[PDB]
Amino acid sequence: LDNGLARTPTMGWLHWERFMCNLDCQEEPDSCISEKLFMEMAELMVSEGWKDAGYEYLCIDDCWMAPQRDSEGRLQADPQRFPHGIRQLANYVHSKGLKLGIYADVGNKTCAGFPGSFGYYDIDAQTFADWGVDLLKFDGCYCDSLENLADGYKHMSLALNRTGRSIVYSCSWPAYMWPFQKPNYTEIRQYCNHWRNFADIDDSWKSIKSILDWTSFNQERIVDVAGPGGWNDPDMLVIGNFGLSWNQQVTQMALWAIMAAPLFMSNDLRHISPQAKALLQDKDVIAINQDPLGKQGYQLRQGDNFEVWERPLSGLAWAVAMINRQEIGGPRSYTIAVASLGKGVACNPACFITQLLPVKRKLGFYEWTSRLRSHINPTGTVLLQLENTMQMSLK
């Protein structure tokens, strides 16, 4: 989308996976969806260095709204869970140097059952612009036809544009087209900053794999459309929660960087392990994600329960991810000829290889004819940065 936004993938925090549609502030004041929840996250996004790592969008997902529009036809913040309304909350966030994200639906209702924006796109756009919203996740639920789907999405895109305010526009458009409807990514790209392609993530290795596989399987179709201002969204980072082994967390962090995915953490910033924080704030990995060339990576090859993914980076450098998919035994030795990497350019005449995950370690120079041996934990990933020796010498 040509709104000057999301020149690199958008980073931030989104409540959904972690917190869902929890409306019980009486029994569960600390994890029901409320202005309090977001304010707490906002403080911690600053105090815990999340803002500095690049996480800047604090995003409200579904179930922030009251059950109907006000007498002027505007969506309303739930009166008991957002007593000071969205404006004040946006103000709060802005005072922190962060930006605010919000959630709406293209159809008659949000997925949770709250007011959809169908028939209110302009009102809703204007409402969001005025509150000072900076990002909108626009979901596909409760849409009667694909014609409508496509229209609503395009309409909201213009409606937002017309408000004159910069708002990152996130469209679940393509996801609601799958499996039998080949979405037009050229068209989607034009209206959206990023787009959800596939099913909702959750706190499981199953789900991660499902996403990785769906992505690689569908790669020719989607990798090349992605770039500055328009990204493929494989959903929230779920690192730091409950259902992932450490190795699996690493794999997500690694692969989301390779895939140039937006980085929306969904977790409790109040209770997050020093490791998780370290991984999610990993500055070399984040740099790979945020590489300014903005070229999404791909699966290079797979077999014997290994996968190799690689991503071209600015400076003719390359990210390389090696995933051990075998879920039994111990660290498994993997060997690849550096010649195969970076379509044979990465390491010609040589390349310097730095390992980034699971730990940062310099591995030195590999001539183009040489082989790289790794040991990769079951469900883990080794992330690598290749520096071509030629470009290195150049200052």
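Numbering starts at 1 and runs along the sequence shown.
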property	result
Mean C-alpha B-factor comparison - 224-232 and 178-186, higher one	178-186
Per the entry, higher mean C-alpha B factor between 82-90 and 194-202	82-90
Top residue by Cα temperature factor, when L357, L58, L363, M65 are compared in the entry	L363
Candidate set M11, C21, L372, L14 [ranked by C-alpha B-factor, highest]	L372
Record-listed C-alpha B factor of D304: chain third	highest
Third of the chain, ranked by Cα B-factor, where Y103 sits	lowest
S145 CA temperature factor, ranked by third within the chain	highest
CA B-factor ranking of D213, expressed as a third of its chain	lowest
Assigned third (lowest, middle, highest) for the C-alpha B factor of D284	middle
